[PDB]
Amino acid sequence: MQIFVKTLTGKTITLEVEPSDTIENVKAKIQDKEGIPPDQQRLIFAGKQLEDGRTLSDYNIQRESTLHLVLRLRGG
């Protein structure tokens, strides 16, 4: 299946995934495609922040579902 990850910068990432993929695995794919490290990423679906050790099917994420990505910010 495919899912979409909308960023707050107005861009939409498309990802090929399996329902049994862990959120951690989805983050690693976002790193491979977009270059963003997993530890900086927070993924949200339907009001819930998604946990690294759970899977897409655990949150009932389906084909063409849209997740949202927000990044950790760190400076100094």
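Throughout, we count residues from 1 along the sequence that is shown.
S.K.: Taking the C-alpha B-factors as the PDB entry records them, is residue 31 in the lowest, middle or highest third of its chain?
M.R.: It belongs to the lowest third of the chain when residues are ordered by C-alpha B-factor.
S.K.: Lowest, middle or highest third: where is residue 73 by Cα B-factor in its chain?
M.R.: Middle third.
S.K.: Which third of the chain does residue 58 land in by C-alpha B-factor: lowest, middle or highest?
M.R.: As the PDB entry reports it, the C-alpha B-factor of residue 58 lands in the middle third of its chain.
S.K.: If you rank every modelled residue in this chain by C-alpha B factor, which third holds residue 43: lowest, middle or highest?
M.R.: Lowest third - that is where residue 43 ends up once the chain's C-alpha B-factors are sorted.
S.K.: Test of reading the entry: by CA B factor among the chain's modelled residues, which third contains residue 16?
M.R.: As the PDB entry reports it, the C-alpha B-factor of residue 16 lands in the highest third of its chain.
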